[PDB]
Each structure stands twice: as C-alpha cells, then as structure tokens.
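Given next are the chains, with one letter for each unit.
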Amino acid sequence: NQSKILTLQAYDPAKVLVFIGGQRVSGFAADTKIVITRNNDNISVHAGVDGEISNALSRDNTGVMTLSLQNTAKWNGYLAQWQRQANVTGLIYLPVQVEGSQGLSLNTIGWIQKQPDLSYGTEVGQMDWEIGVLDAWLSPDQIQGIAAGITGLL
Amino acid sequence: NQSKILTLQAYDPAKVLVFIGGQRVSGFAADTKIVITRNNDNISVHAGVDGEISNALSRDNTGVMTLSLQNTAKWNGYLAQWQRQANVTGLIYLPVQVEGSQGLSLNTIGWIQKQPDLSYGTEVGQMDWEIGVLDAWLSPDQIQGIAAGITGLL
Amino acid sequence: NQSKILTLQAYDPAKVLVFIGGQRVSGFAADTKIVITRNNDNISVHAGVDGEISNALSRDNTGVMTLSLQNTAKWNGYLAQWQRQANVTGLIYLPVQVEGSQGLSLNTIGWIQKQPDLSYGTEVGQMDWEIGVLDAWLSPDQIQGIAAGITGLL
Amino acid sequence: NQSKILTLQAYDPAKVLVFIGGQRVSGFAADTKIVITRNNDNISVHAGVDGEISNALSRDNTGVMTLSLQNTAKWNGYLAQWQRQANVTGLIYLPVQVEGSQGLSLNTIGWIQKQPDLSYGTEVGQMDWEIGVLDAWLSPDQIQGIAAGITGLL
Amino acid sequence: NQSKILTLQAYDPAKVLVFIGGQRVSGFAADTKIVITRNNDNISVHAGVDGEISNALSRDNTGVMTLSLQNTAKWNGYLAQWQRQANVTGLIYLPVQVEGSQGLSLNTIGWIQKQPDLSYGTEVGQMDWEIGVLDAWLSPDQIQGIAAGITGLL
Amino acid sequence: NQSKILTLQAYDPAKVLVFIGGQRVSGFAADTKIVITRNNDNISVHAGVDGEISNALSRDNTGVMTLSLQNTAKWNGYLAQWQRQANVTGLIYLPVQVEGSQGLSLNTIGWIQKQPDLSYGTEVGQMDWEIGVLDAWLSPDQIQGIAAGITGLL
Amino acid sequence: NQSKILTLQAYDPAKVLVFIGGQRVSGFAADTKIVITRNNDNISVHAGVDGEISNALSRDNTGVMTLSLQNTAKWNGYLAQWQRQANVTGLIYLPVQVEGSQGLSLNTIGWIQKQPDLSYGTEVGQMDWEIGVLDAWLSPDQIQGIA
Amino acid sequence: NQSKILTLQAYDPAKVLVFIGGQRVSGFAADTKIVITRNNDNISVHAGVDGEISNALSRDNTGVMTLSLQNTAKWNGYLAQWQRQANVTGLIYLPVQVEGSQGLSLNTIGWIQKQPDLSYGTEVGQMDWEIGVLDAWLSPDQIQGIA
Amino acid sequence: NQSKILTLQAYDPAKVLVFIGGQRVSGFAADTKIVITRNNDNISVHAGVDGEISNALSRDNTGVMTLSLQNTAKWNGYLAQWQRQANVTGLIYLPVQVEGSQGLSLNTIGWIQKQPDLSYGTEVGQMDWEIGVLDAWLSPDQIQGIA
Amino acid sequence: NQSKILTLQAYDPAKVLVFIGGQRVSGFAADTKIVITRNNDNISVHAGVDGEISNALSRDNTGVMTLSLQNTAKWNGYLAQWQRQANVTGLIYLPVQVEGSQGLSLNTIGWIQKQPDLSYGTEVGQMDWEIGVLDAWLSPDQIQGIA
Amino acid sequence: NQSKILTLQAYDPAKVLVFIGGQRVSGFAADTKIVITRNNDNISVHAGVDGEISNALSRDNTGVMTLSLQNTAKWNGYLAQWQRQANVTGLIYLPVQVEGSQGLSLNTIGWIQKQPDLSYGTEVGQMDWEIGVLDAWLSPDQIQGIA
Amino acid sequence: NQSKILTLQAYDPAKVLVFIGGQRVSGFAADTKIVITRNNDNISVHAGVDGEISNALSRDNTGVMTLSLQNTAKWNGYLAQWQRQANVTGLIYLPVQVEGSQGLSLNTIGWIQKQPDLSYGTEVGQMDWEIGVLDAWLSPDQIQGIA
C-alpha cells in the first residue's frame, strides 16, 4: 500500500474568509484565527439499572466563536463602536459567515458576547473577541451528499 | 533467562480497520487514531465497619469512542450531514466496528455524541469526534479461550 | 496577493500615557504596563427546550485595571498616602485616563481596590496595583465611525 | 563512618512474580509493573478543644492493585474473557499473589474493578488494569520477627 | 527622549532591617526575605441591575508577613521558645518593624501565626515563618506628601 | 560589612538520628529523610466590622511526620509487622525522637497513620511512611534561652 | 586484491539523473549533488518492566531531499517561480525522480519545503534547495541479481 | 568540458547593486556582501495515525538580510542616524532593493532590526547590520528564458 | 618489550565474519566495519539521605549496531528490499551473528531500525545501516583460557 | 582600484579615546580594545494568522561594553576599588565616553557589571571588564557630511 | 633549576598496579590507563537574602572509574563473563584496588556500570569499561612525610 | 614605543605566593597556576515597560578558585587528607591568601569544593583542585599610587 495525498490543493489560511455584517475581517492574530465550539452535547444518554439505554436529542445549538485580532487592527474600533450602538438602540444581531478553504463552513446569525481584555507591553498585544452564534452546525461545501445515503443502517 | 519477543508479526497501525455504517474511515490524525473508555467502574465495593465486604456488579456498559480526523478529511462532511439527517428524521443509531491488529477488537452499536471544535491556524487543524457505544466490552480475537477455564479458582 | 503593513507608524510603549488625577504615571514594570478586563459578560443567552433563543443586555460595566510599578518608583508613596487620606476623609473617587498609541483608549472614574503585596529579594521587586473603573468600555480614537453605519444588517 | 551496602543481592525486576488464579503473568509495561495502595488511613485521630487526643482503628482494608500490560500481550484476552464469564455466571473472586524480590509481598483475594482504556497510535499502546484486593496488608518475607518484640515500649 | 535612572542609590537587600521585639533578625533565606500581603480587598463594589454603583470601605487590616530563615539560623530557637512562652503565659503580641531600602516600610504589632514545616535533606533546609500583623498598611518614608494634595480631584 | 559564616560546623545529614521505640532507623531515601508539619494554625484571628481584633490560641498540636525509606530497607518489615501486632493487641503508641544536627529537635509520642504505596519498576522504589505525633512542637537544643527574656515587649 | 573489485565499471557521477516535474535538472555544485534522509525511524519499541518487548510499525515515511546548485545556475529561476505559483494557487505537489547509476533509485512526489540562503561575495556561491519527498523508500531496481 | 560552461560572462561581484531608501549602498566588507534568509518554512505537514497527510500554506514570509560594512565606511553613519529617527518618531519602514547580476533579485521594504557589535583593534573591523525585510520572495526576473 | 606481546598472530580484519539472515555480508567501507552499543546502563543506584545505598538490575538490554557499506555495494539492495518487505507484511525480525576473530562475538536477532543518508558526489559515498539487536551481551567464547 | 579608497588617512588605533569617570583609560590588551553590544533587538513583530503584521518599539536599550586590559595594568586597581565602593555605599553609576576616531562614538553612563577571571601563568595575562552602559545608541557625530 | 626537582625517581607508569577481584589487570591502551571521578561535589551552599551563609555535607560519594583496554586483550573476556554472571545471579559487587606509584591510591568495591562500544576496523581498537566504585576518597598513603 | 612600557620590572611568575592554612603551596602545573572567578554578577537590573530602570545590589559574593598541581606533587597528599578530615568532623573552612606580585591580591577563607580527575598515562598528569572562596573581592593593595 502506498501513501495517498489527502487533497489536491493546499490548505491556505488566507483563503478563509470571515464576513461579519457584509464586510471582510482583516488583521488577524499569529497562531489561530477563529475557533468554533458547541455549548452542549448533541445527544444525552440515560442508563437504567437493568441496562436499558434511552437517548434524547438536544435542541440547544448556541455556540461561541472566538476571534483573535491584533490590538493595532482597525476592526477593533468597528466592534467597539457597534457595541455601544447596539447597547443604546437595542439591536444586537447581525449576520455571520465563514468560508472554509479545505474544510467545513458556517453561516448563521451572531452577536458580540464579551469584549476581550486589553494589555500593553513590549510586543504588540492581542485581543480575542467572542462572537455568539445562534446555530453552531458546521455545514459542508463539498461533493458530500451521495454517500450519506449509504452509511445508513439499522 | 533470555528475552522473548512478545509477538511474531509487528503492530501495524494501518491494519486497524474502523467501519462506521459499513464504510472504512480514512484520513486520521497524527498521534492517536481512536480511544475507547468505559464510563463507570465494573464492580463496586461496600465496606462495613466490622470489615465485612460485599460487591455488586455494574450493568452500565455505555462508553465513549474518541475519533481524530484531519479537518481536510472528507469524512468530516459525511458525519456533519448525518448529524442533521438524524436530527430531522429521528434515527441516530448505526453499527460500529473496530478490528485490532495485535490487540482487542470491538463490535457494537453507536451514535454521534458531540461534534468537535473547529480551529483554523498556520498548520492543518484536527477534529476529535466523540462516538458513543452501547456496550464498551473489548472482545478478543485470538487463541484465548482454552486458558479461561484454568485461571478459575475459589 | 502581497503582504500589507497593518500600520504606518510603529507601536511605541512610551507613547501610552496614563493620567491618574491629572498627573502622568512613571516607573512602570518590565513586561506589561496595564491590563483592562471586564467583570461580566456583555450579553447573556437563555436557551429554551424547543430551541427558542432570547438574550438580555448586561448593565454592569465595572472593571479592574491592573497597574504594575517597580517597588523603587516614587508613585508607590503617592498611592499609599492617598489610600489613607481617602480612608480618613471618605472620598475615594478620582479621574482615570489612558491614551493608546495605536489602539483603543479609556477615560472614566476609578478608585484603588487592592494594594499589591510587597516582596524583597535579590532583584528589584514589582507591585501590581489594582484600580477599579466605573465603566470599562474601551473607546476608539481613529477614523472609525464612517463604517459603523455599514456593517449594520438585519 | 563508611558507606554500607543495603543488600547483598541486587533488586531484579524479573524476579517479581505475580500469580493471578495460579498462572504467572507476562508481558508487562515499560516503567512500572504493579502499584499497591490502601484506600483509607490506618488510624484516625480525634482532637478535643482542651487538647485531649483519642484514636480509633480502621477496619477497611480494601485496596487497588494497578497492573500495566502491553496491548499486544496475550493476557489481555484472558482478563477480557474472564470479565464476561464472571458477569454471566456471577463469580468474580479469584486468588491473587505477589512475590517481592527484595521487598514486601502480598497474598489475598482480588477481583477486576475497572477495564483500562484502549488507544491505538504510532507506538505500542499500554493498558493499566485495576485489580481489587480484599486486604492490602503488605507482609514481609525476611528475618524480621526477632526485633518486633524489641521496639515495643510504653 | 532619553532613559532616566529611577533612583540615585542602588537597592541593597542588606539595608532592609527587620526588628522583632527590638532585635535585628539575621540568617535569611536565599531568594526572598519577607513578603507582606493583605487579607481582604480595600474597597467592595455593589452593582445594581440599572447600573447604579455604590462602594463600602473595608476595615479589616489584618495581614500575613512571611519570613524565610535557614534552618541553621539561631533565630529559629528564639521563635520556638517564644511560642511556648506565649502559650503558657498567654501574651502573644510583640512589636514588629520593617525598614525599606528604596521602598515602603511597616511598623505595627504582630504575632506568630503558624510554625513552618521542617525538612532534612542533602542541602540546607529552609523555614518560612508566618507572622501576623494588626495593620498591613505600608507607609512611605520619602519626600512624598507635597503631591498628595495635587492628585485630588472630583 | 563582611559576609559571616552562619555556623562553625557543617550540616551533616548522617548526624540526624531518628529513634523509633529505642532503635535507630537506617536505610533512608535519596532527597529528603523526614518532614514535620503541623495540622492547624497556631493562632486564629477574629476581625470585627469596626476593626476590633481578637485572637484565640489553638490547642490542637497533632502533626504528621513523613518518613522515606527504600523498599529494600529492612525497617519496612519491622513497621509492617508492628502494624498488625498493634491491630491485634490494640496498643498503637510508641515513643518517637529526632535529633537535629544544626537545627531543632523533637521528642514526643507517635503512631503509624498510613502505610505508603508500593511500586515495582526499573529502579529501586521508595516508600514514604506517615507517623503521627501527639505534639509537633520543635524544641531547640542550643544556647537559646538567654535572649527569650529580651525580645519580650508590650 | 583484484578478486574483490566492487565495481567493474568506474562510477561516473554524471550518470545520476534527476527529473523534477519532467525536466532534467542541471547546474550542480562542487562536492555533493543530493542527499536523501528520513525523518522517523522504522519501528517503535515498547519494553515492559520485566522485559516484555513489543514493536510498532511507523506510518510517517516522509523525507527531505537537498539539491545543491550553483547560484549562477538557470534552474534557480524555475524553483523560484514555482514557490510563488504554489503560495497563491495552492498547488504544491510535483513529481520527483532519481536514477541510481550504481546505487539506489527513488521515484515519488515532492514539494519545495524551504528556500536557501542567497549570498553574494568574491566567489560564485551555492544554494541548498529542500525538496520534501512524500514517500522515501529507496528502490534497488537498478541493481541486477537481486533475488 | 567546454560544452557545460554555466556562465559565458564572468560573474563580476561589483554588478550587484543594493539600494536602501533610494541611495546606493557602498563600502562593503572583505568576503561576503549580503545574506538573505527566511524564518519559516513554506508549508506545514500534519500526518495522521494511519498515514493520512494534509498540508497547510504559511502566511509569515518575513526574512532577515545581513549587510557587511567596514567599520570605517561612511554608510555606518546613515544607519546609525536612522535608528534614533525611528525610535522617537515611530516611522520604521524603508524601501529595500537588490539587483541579481546573474542570480535572484529582491524588492521589498525593510527596517533595521538590530545594531551590530562595534569593536576596535589593530585592524579595520567589520559590522553586520540586520535589515529585516517584510517579504522575502526571491525574483528570477534577471534571468532570461524563464518560460 | 617482547615479553608483553599481546597478540602472537597479527590481527587480520578480514577474519571478522558477519552473517545477517544466513548470508555473509560483504562490501564494507574504508575505516570502520561495525560498532556495537547498548542503550541503558546495567544497574540503577538509589542512594538515600543518610547514605543508604541500594541497586537495581536492568531489564532492557537492547542495543544498536551500525554497518558501514560503500554505496556501490550490492548488499544495499538486499537491505532496501527487506525494509519494504517488513513494512507491509509485518515480519521485522531476522537472525544476526558476529565472529570475534580475536575479540568478543555476538549472536542474536535484529531488525533494520533506520535507513541511512544516501549522497552522490565526486567520490564513492558510504552508508551507515542501523541494525537494532534485540539482546546485546557480548560473548567471550572466541577467547581460550577463560576459566 | 585607487578610485575607491575608503580611508584617505590610515586608521590609527591610538586615536580611540576612552574616558571613564573623567580619567583616560590606558593599558590595553593585544588584539581587541573594546566591544559594544545591545541586549534587545529594536522592534517586535506580531504577525497574525492571515498575514496581518504589526510592530512594536523597544524600550530597553541597555548594552554591555567589554574592556580588555593587561593584568599588569595600573587601571585594574581603580576598577577594583570602585567595586567595593559601590557595594557598600550604593553609588554605582559613573560617566562613560568613547571617541570614534573614524567610526561611531558613544557617550552615556555605566557601571561595572562583573569582574573578570584573574589568571597567573608563564605569560602576562589579560582581563575583560564588563561596563554595562545604560543607553547604547551609537553616534555618527565624528563623521563629516552626514546630511 | 635543579633545586626544585619534584621527582627524584622518574615516574614509571608500569608501577601503577590495578587489582579487580584479586587478579592483576593487564593489557592496557595507548595513552591513558585509568580515570577516576566523583559525581557530586563535597558540600552544598545555601546563601540567604541578606548574606547569611550555611553549608551542608554530602552523603553520596560514589564515583566512576574508566579502564582502557586494547580490544585484543584477554581481560575483555573476564569482564564480559562477569556481566552475565551478575545479571542473572544478582551478585554485582567486587573488590577494587589501585596503587598510586607516586600519587594517590584507592581501595574500595565496585561493579561494572556499562559495557563499552566494540568497533572493528583496520587498526586494533580500544575499549573503555566503566567500573563504578562505591566510595571514591583518594588515599595519600603512598606519600611519605604526610604529617 | 619605549614611552609606554607598562612594566619596568619583568613579571616573574615565581613571586606569586599562595598560602592555604598557613603553609606555602608548591608543585604547580605547566601553563596556568590559578584562576579566580565569581558566580554572580554585581547588580540586577529591573527595567519597566515604559523604560523606568532600577537596580539592586547582590549579596552572594562567593567565588571558585582552581589550583593546578602536577599529580606527582606532594601537596596532593595534604588536600586529600583534608577532605576526609572535614567529611567526618564537619570542620570545612580554612584560611586562603594570594599575593599579587604585580596584580590583584586576595585574602579570605575557603574550602575544598570538589576533587579533581586523577589519570595515569605515559606522561605526568595534572590535577585541578577547586577551592571555593567565601568572599572574592580582589584587592589592589599591591599597586602603588592608588589614590
């Protein structure tokens, strides 16, 4: 057996596009751009004494989308001003979209949950904004779909 | 006394086969492919003041099977689509099978419990899916069986 | 695509000005000068069983502003004396202002919350004063303002 | 004063013999073979306000005996099969014996408490079985006995 | 702008004088001589739902003064004997004074709170005595005083 | 000022003598021989709202004396046998004495509280016995005594 | 002794052919033409307390190939263009082949891992391009009589 | 052999031009004039347990450029003034360019990263200025026939 | 002095035989033929605070054996085939033997641990194959008079 | 070529003056008189995931200066006295100045950071005193024509 | 000068006797016969913040002794047998003694700590056996006039 | 030039006297007689974010002194006896003094920190004794004219 290349193209971080309200975000941090995590488990399990097993689905799809930006980036001002604008007017929701380069994507509604701490030091600082998401289901954008009707059994 | 070779063949990670729904999984992570753990202890112990000891068996065999895949692997799309398909239709169970190369095996029913977080960075990311198992009893596939009727005592 | 310089000037730590009561602070520590953190999340989320999502704003803007000074700095005496002066007379509030070099700024009222521990050793010690802030909203001082009326949607 | 050799022979790990049910265990891990620990303290102490001290002995001698085996070892199958055999038939107890090379020994009844997790990776995996013991009193096998009637005082 | 020397003299650890009961302490540890910490925050903050902020001063000035001495130092005997002398006679308070070299000072009443653990090993051991202080307000001994009437505002 | 030698003799670990029941212990571990720690603080402090301070002495002098021995040492057998002898007959107390080389000493009654875990590995193992002490007051054996009547004040 | 001549035809270094992307490389340095290495050893040994030994087979076979070229060579241009090509478009891989005149061959795909250090002085310099090769099993195919 | 002459015109080191800020540098050292390096390799490889391989494209392309000048050179003055200029005013960047007489060129912006070690002795010393370059993709433009 | 001649028959390096898998190795390098090492020392010393000393016997006796072959040797082919054989089929072990002409012998089983660095240049290169040997106790059997 | 003479007056090492505390230093070693270095580089680069680049200006400019003196020199006495002076009284700082005959100057304050290693043998030894300098910006003032 | 002759009888290296287990060692290497070292320094210094100094006496005095033997020596056989003897039976210790012809002696017990690296080539090799010695206090007993 | 003669009397290495415990040392090695070093630098610098600088004075002044003696020297006996003396009785300290013929002196107390490596071969060896000195401030007292 010979080793196989898992993809034809190369994963390019610059190809990952983040659109918050219809504008592209720029000025990201060094290591990680964005992290998406679900708040709660998908399926719960109830185990009886005799061994009977029953499960119930979870309808809580809220999640948190970390966003790292350099403190010198101009987008810090946009989010800071929008925070107060929403606080005064009362409108906090805005569309959020993420395009993957060689992975999953995301397209839902979101809001600003917490403002990151600010620290000034010898080197350029970093700010990790937290953006909520109404639904944290990562959707594919590939040829997937012809095999989902094959894995099905039982 | 001379050192003995514990096996004739060599443990080959590529020989470990994972079948989820009847299809072989491909595109694993770097270090660890799969981890299987039991949720609860096999036997509980009750110790009295005088020193009397009594034990009761545990009938909760539910377990968790971690599964690490590269974010560029195509199987991320299959699981993501199946998640929503099960959420809508209501069918979540599907067969799970694991074949060991020079160790124990597993063959039971399972389901997707939690979707791993997604992170984009300088290097290719990793996703650690969690798959539940109805029974987490690792079964052997060796010449074992002629000695189990020997260790028995008391 | 070519790499872009995120700024024209260079982030100079000496340009960050801290004004406590109308006087500039001097004699800072080595690594980090000041850290600003919010006490509570901006927006809370309530998730129902059926999946309905509702959110409520948070009106608690209190925060903590860490301040690191060398134990040989003269400003240690000023703060120490002001602590007892406020304790006796009963007036604890005083204006606080921070000017960013290539980042956000801050201008609110504050007070001394906790006096840092003092340690004497081989090398010069450090003291991390904690200064409270009535409002911990970092405000911009840039051309931001013409785009906040663009990101708005929904 | 001159340095003294604490023993005449040399501590040889291969000389440590473990007999579970009447058969010698083989195929141990790299660093540690077995670990024996008591569940509870031997003697409790009650201290009064005035300073009076009273103590009560503990009759709970249950303990846990960790056992590390390579996942390629054949003894994994024996224990796995015995687990289900005991679960079905209802007999879980079996004799356990440990012979020290230049240390203490152990000889009591025991049972399998928890099955270790299984992980497949680049290198050969390890499994740490947990075996219960009715009594975890490590007994000597040396010339000790002529001095125990000397240390006695008060 | 040119770099400025924060002081004319040099911070000399030997110039830090500790007077416990009227005698100078000698035989300190390697890294840190003394550490002074307040037990409770200076000012508490109560935040209402509407955003109203009110604060209350804290009158608990008790603190802990760590003191590190080599186990070979003679002062270990003095403190040990004084512990029992106070336990028998009932008098535990004694004056405590600290003189800073280029920093703050302290002069209050104190007592022995906890005796440090003793350990014997290859190298010389260390003991970290804990001395309580009635008031843990670090007072200055500098030209400070002409500016405290300037920072005042609001 | 010139550096001073804190002692005339040199701290020799071999000079530390431990007598348990009237016999000298031998066969210690590598790094640390014995550790003595008090269970509770010497003096408690009650702080009122107005600032009044009152303290109460603690009469709980129980402590724990860790004791490290090589698993090949013969004293493991003595303690193991004495454990069962005390368990059967009901007498657990025995004198304990420690002589410091250039530090404090100890002479009180003690008992075995917990038996250390046993582990067999590539290198010689270690066992850390825990011995209780009725009183954990470290007493001096030096010229101390002529100055304790000098530090007294207030 | 003449009964132990290990090579009946002198080893001519010019017979060693290297093809990258289907074009023959040329313009090599003074002493060494190529070097092929692996990153990971073949198997892992997990030895137990009492001497039980078990082994595992590796599944990372990637290696690194160094290619010495005089800095005045024309092939420096082709590699320099290729870097930017892949950085933007995202197509990195490219076939690689080696001919073992009287040794071991190689035939796999690879990519440019790093760019060398360009230096200018009183002498014509040198460049060490790193062509990471996806799979680095050497082939004895050039040798006759391998039963 | 004369059929493999890699350079039909002798490589003259004086043709290598370097412009910083728009003025031509001069006053170089004895052996090496410049050295150009990157900090990070081009792509990252994440190999799975069973051999699945996936690659990532780097986005940090900064490099470092060393510039050897005799300590008696006049250009030491211009760089020394520039350091203080940027330290106070906060303007650090400055265009940088290199001419690859018969090699690879370079054209980007850069800044002074560190100042060298000044030493005085019985011989005229040397200085190694570090000009960090924002983007370090070498250009083959000087080479003809690059299809 | 002639009364202390340590070898009455000159040490002929050609008498040192090496058999791997039952075939005699040949085609060695210029200076060193083999090197045998252990990984772990024989015993472990655990010394207490007051000087109590206790010792433990090791149970990992694996070693490594290096085998220098000219890169033009034919035996490079046999080892290269063997690597792929074991990587797929999972049979790694193979008997190893050494003859101590006037020294210490060795007789155990071993496997190929890593493959060397193949380099091509103006001179016939060299290869250092690593044959991990399961047990590495040297044998004095070739020496006479060992009472 | 005579049209590129970088120094029209020979560089005389004796013109390099060093003043510490207002007295001229003398009694130097054989090869190197002084060496001036910084501890920290000028700016810090924080590069984001997608390539966003931002820079920071350093605020620690301290450096170290080494001063080679023959161990028979008289100036060893003045420095040795100064160490004890500062250790007790706590006054460490002292003005430092350097004259760049045909190079870069320096003018700041400094202190003795460490004392050298004194060795006695068959030859007159050497000492390397470390004079930490508070601020280490080199000055081009000695150079004419710096616009 | 002849009034400072440190040795009135030439130092003959053959007078240095070494006995292991009661038999005299022989068959040494070319340059160095033995080397004796300690592992731990004699005392530990614990210095306080304000200058309080206190010292501790070490209780680990073990050392290591290296013994160079030509690989054709017969004594290689005795040591090789001894290793296996102790590995199985568990008796490791063995008396060791050294005679300081005109230096320091040694007399203690020791064991074989590690086995050397056996190499075969065009020249008679060498072996460095490590004989860990339980206690390594050198003895001046051979020297006369030690009051 | 004769107007800069740094020593009007030739430096005679035999004038350097060393007294340990009140007896004059003798029997030194070939090249270096002694070396004196400190362990810790004189002051610590704590620089703040915005450039605030503050300094601290060290309180650990211990150093190490190396003493090279031919292994045939008689003084090896005195030091070897002293080690055992202190190990048992616990008296380690001993006065130490050095005479700076035309350099810096030293006068303090010290102890034997470690014992050297004893080696026997075809040449008279050497020993490097480490005499830790409690306080290591060099004294200029031998120099005249120190105002």
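Parameters at a glance
- Residues numbered from 1 in each chain as written, not as in the entry; some residues may be left out.
- Chains lettered and ligands numbered in written order.
- Part of a larger assembly, values for the part shown.
- Heavy atoms only, no water.
- Residues with missing side-chain atoms left out of burial classes, pairs and counts.
- Pairing = 2+ DSSP bridges.
- Helix = DSSP H or I, 4+ residues; strand = E, 2+ residues; numbered from the N terminus.
- Contact = heavy atoms within 4.5 Å.
- Axes fitted to C-alpha atoms, helices over the stretch in contact; angles between N-to-C directions.
- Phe/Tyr/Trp six-rings, centres within 6.5 Å; stacked < 30°, edge-to-face > 60°.
- Buried < 20%, exposed > 50% of the residue type's maximum accessible area, 1.4 Å probe, protein only.
- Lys NZ or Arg CZ within 6 Å of the ring centre and 35° of its normal.
- Salt bridge = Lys/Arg side-chain N within 4 Å of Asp/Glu carboxyl O.
- Patch = residues over 30% accessible without salt bridge, like charges linked within 9 Å, V, L, I, M, F, W, Y side chains within 5 Å.
- Areas by Shrake-Rupley, 256 points an atom, 1.4 Å probe, with all protein chains shown as cover.
- Least-squares fit on C-alpha atoms.
- Core = buried A, V, L, I, M, F, W, Y, C linked by side-chain atoms within 4.5 Å.

Engineer: Which residues make up the sheet that holds strand 3 (residues 32-38) of chain J, and what values do they have?
Structural biologist: Backbone-to-backbone hydrogen bonds join strands into a sheet, with any given pair of strands oriented parallel or antiparallel. Strand order across the open sheet formed by eight strands is 9(H)-3(J)-6(J)-10(J)-8(J)-7(J)-1(J)-2(J), with antiparallel pairing between neighbours. If you trace the sheet from one side to the other, it starts and ends with strand 9 (118-121) of chain H together with strand 2 (23-24) of chain J, each paired once. Relative to strand 6 (residues 63-69) of chain J, strand 3 of chain J runs antiparallel, the two sharing five bridges. If you follow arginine 38 of chain J over to strand 6 of chain J, its bridge partner there is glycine 63 of chain J. Its contacts with the sheet put helix 1 (residues 75-89) of chain J on strand 1 (18-20), strand 2, strand 6, strand 7 (94-98), strand 8 (106-114) and strand 10 (127-133) of chain J, and the angle it makes with strand 10 of chain J is roughly 50 degrees.

Engineer: Any chance you could break down the packing of aromatic side chains for me, citing the residues and the numbers?
Structural biologist: Each aromatic ring pair is described using two quantities: the centre-to-centre distance and the angle formed by the ring planes. For the coordinates displayed, the defined rule picks out 36 aromatic pairs over all chains. Centroid distance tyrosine 11 of chain D to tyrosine 120 of chain F: 6.2 Å. Interplanar angle 10 degrees. Geometry classified as stacked. Within this pair, whereas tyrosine 11 of chain D is found in the segment before strand 1 (17-20), its partner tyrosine 120 of chain F is found in strand 9 (residues 118-121), the two belonging to separate chains. Side by side, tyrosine 11 of chain D and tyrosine 120 of chain F carry an identical accessibility label, which is buried. The ring of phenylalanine 28 of chain C has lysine 33 of chain C lying over it, and the distance from NZ or CZ to the ring centre is 3.2 Å. Over the aromatic face of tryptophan 137 of chain J sits the side chain of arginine 38 of chain J, whose NZ or CZ is 4.2 Å from the ring centroid.

Engineer: Can you explain the pairing of strand 10 (residues 126-133) of chain D? Please cite residues and give values.
Structural biologist: All names here are of chain D. The sheet contact formed by strand 6 (residues 63-70) and strand 10 spans eight bridges and is antiparallel. Considered in strand 10, the bridge of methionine 65 is made with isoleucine 131. Bridge count for strand 8 (residues 106-114) against strand 10 is four bridges, and the pairing is antiparallel. Note that in strand 10 the partner of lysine 114 across the bridge is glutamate 130.

Engineer: Give me the pattern of salt bridges: which residues, what numbers.
Structural biologist: Counted under the stated rule, the structure contains 12 salt bridges over all chains. A salt bridge links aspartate 12 of chain C to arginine 59 of chain J, with the nearest nitrogen and oxygen atoms 1.9 Å apart. Residue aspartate 12 of chain C is located in the segment before strand 1 (17-20), and its partner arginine 59 of chain J is located in the loop between strand 5 (53-57) and strand 6; the two belong to separate chains. For the pair shown, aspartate 12 of chain C and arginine 59 of chain J are each scored as buried.

Engineer: Describe the sheet that holds strand 7 (residues 94-98) of chain H, with residues and values.
Structural biologist: In spatial order, the strands read 9(G)-3(H)-6(H)-10(H)-8(H)-7(H)-1(H)-2(H); together these eight strands make up an open sheet with antiparallel pairing. This sheet does not close on itself; its edge strands, each paired only once, are strand 9 (118-121) of chain G together with strand 2 (23-24) of chain H. Here strand 1 (residues 18-20) of chain H runs beside strand 7 of chain H; their pairing, made up of three bridges, is antiparallel. Across the sheet, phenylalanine 19 of chain H pairs through a bridge with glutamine 97 of chain H, a residue of strand 7 of chain H. On the sheet, helix 1 (residues 75-89) of chain H packs against strand 1, strand 2, strand 6 (63-69), strand 7, strand 8 (106-114) and strand 10 (127-133) of chain H and is oriented at approximately 50 degrees with respect to strand 10 of chain H.

Engineer: Which residues make up a nonpolar patch on the surface, and what are the values?
Structural biologist: There is a patch of nonpolar side chains on the surface, built from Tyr93, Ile109 and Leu134 of chain E together with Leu153 and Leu154 of chain F and spanning about 440 Å² of accessible area. Tracing the backbone through its elements, the reader meets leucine 134 of chain E in the segment after strand 10 (126-133).

Engineer: Describe the relation of the copies chain B and chain A, naming the residues involved and giving the relevant values.
Structural biologist: You can overlay chain B on chain A at an RMSD of 0.0 Å; the transform is a turn of 60 degrees with a shift of 0.0 Å along its axis. Look at the turn and shift together and you get a six-fold axis relating the two. The residues that chain B uses at the interface reappear at the interface of chain A in only 3% of cases, marking distinct surfaces.

Engineer: So, the nonpolar core: which residues are in play, and what are the values?
Structural biologist: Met65 of chain A, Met65 of chain B, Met65 of chain C, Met65 of chain D, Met65 of chain E together with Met65 of chain F are the most contacted members of the largest nonpolar core, which totals 227 residues. The contacts of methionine 65 of chain F, once residues within four sequence positions are left out, are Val18, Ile34, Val35, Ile36, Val96, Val98, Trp129, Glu130, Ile131 and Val133 of chain F. Core analysis: the next-biggest nonpolar cluster, separate from the first, contains 168 residues, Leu67 of chain H, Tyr120 of chain I together with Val16 and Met65 of chain L among them.

Engineer: Let's hear about the side chain of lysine 33 of chain C: which residues, and what values?
Structural biologist: Summarising the element assignment, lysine 33 of chain C is placed in strand 3 (residues 32-38). Leaving out residues up to four positions away in the same chain, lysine 33 of chain C has contacts with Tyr120 of chain A, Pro13, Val16, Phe28, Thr66, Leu67 and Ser68 of chain C together with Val49 and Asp50 of chain L.

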